[PDB]
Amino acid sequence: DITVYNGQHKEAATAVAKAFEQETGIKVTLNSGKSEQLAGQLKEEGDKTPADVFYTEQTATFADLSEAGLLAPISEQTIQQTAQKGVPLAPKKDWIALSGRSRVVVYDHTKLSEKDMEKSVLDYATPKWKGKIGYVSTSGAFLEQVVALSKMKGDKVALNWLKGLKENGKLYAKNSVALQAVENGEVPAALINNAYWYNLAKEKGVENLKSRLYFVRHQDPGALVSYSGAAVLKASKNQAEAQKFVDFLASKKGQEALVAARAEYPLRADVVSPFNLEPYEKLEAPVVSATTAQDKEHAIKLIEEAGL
């Protein structure tokens, strides 16, 4: 049996654990919390941690652990299971990317069509969109978007975008609220993540929704994908089962278990999501380095400078 420190949504961790326990008979115990806090705990616990595996919604959290010498190597054959073009790889082969979440633009298709959409996420923060573009400045993925803009385009461009959103956008407290505002005619479009819409569509039926999704693609900063993944702790003295679990997460059956539970993009190419997601390769995500705590502090400062 193994212990998994879990920073991912509980529904995802529960689903993969259940499918693992059914396939192998090995029991999984989840210790759930925020990834940053769990990573901190793995560092403090060191040689004495009870964690066999760390399962996170954000692979960026692995960098510090790898640097601290706390992660075990994984089989190269396992790593190759999800190594599609664009997928981040661990330089020391000591963690693996498993799934993705995408930025998107949700729009009311009864008011707008793809003719009204922009080729660049930068262009939504301009006067054409005055009073017509929703955004959620307190959202984690919104922060990741700012980080990506700074990296890809520089701070002046990132700051200008934020100022443009202050001037032209409508602020919503949460992604769900922004989605509902589009559905109810309050705003014709909003900057969001893919999962909300795909969940609502599966549950309600797309024919019963006024909103649709627009993907910018062509490696625009607005095509940003955030990656979830897993790692084995070097401290584990149950490497055999820990490695077996990570191998399983990258397997067809493990990926199928995840995508039935959560509207994330599988990184195996032979797995199809029942939420009707497009294949990962068609998103044309940009390549962006991992978000560090320093990147986050800098991005928060830009948000503050913009009056948000």
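Don't overthink the numbering: it's just position in the shown sequence, from 1.
Participant: Comparing 128 to 136 with 217 to 225, where is the mean C-alpha B-factor higher?
Facilitator: Comparing averages over the C-alpha atoms only gives 128 to 136.
Participant: Mean C-alpha B factor from the entry: is it higher for 296 to 304 or for 281 to 289?
Facilitator: Result: 296 to 304.
Participant: Which one of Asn184, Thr78, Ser120, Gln145 shows the biggest C-alpha B-factor in the PDB entry?
Facilitator: By C-alpha B-factor in the record, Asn184 ranks first.
Participant: I'd like to know which of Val232, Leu191, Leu149, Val206 has the highest C-alpha temperature factor in the PDB entry.
Facilitator: If I rank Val232, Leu191, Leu149, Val206 by C-alpha B-factor, first place goes to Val206.
Participant: Compared with the other modelled residues in the chain, in which third is the CA B-factor of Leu65?
Facilitator: Middle third by C-alpha B-factor.
Participant: Quick check on the deposited entry: does the C-alpha B-factor of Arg262 sit in the lowest, middle or highest third of its chain?
Facilitator: Answer is middle: the recorded C-alpha B-factor places it there.
Participant: So where's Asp94 on the chain's Cα temperature factor ranking, which third?
Facilitator: CA B-factor rank for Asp94: lowest third.
Participant: Ordered by C-alpha B-factor within the chain, which third holds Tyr198? Give me lowest, middle or highest, please.
Facilitator: Middle third of the chain for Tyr198's C-alpha B-factor.
Participant: Ordered by C-alpha B-factor within the chain, which third holds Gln243? Give me lowest, middle or highest, please.
Facilitator: Tercile = lowest for this residue's CA B-factor.
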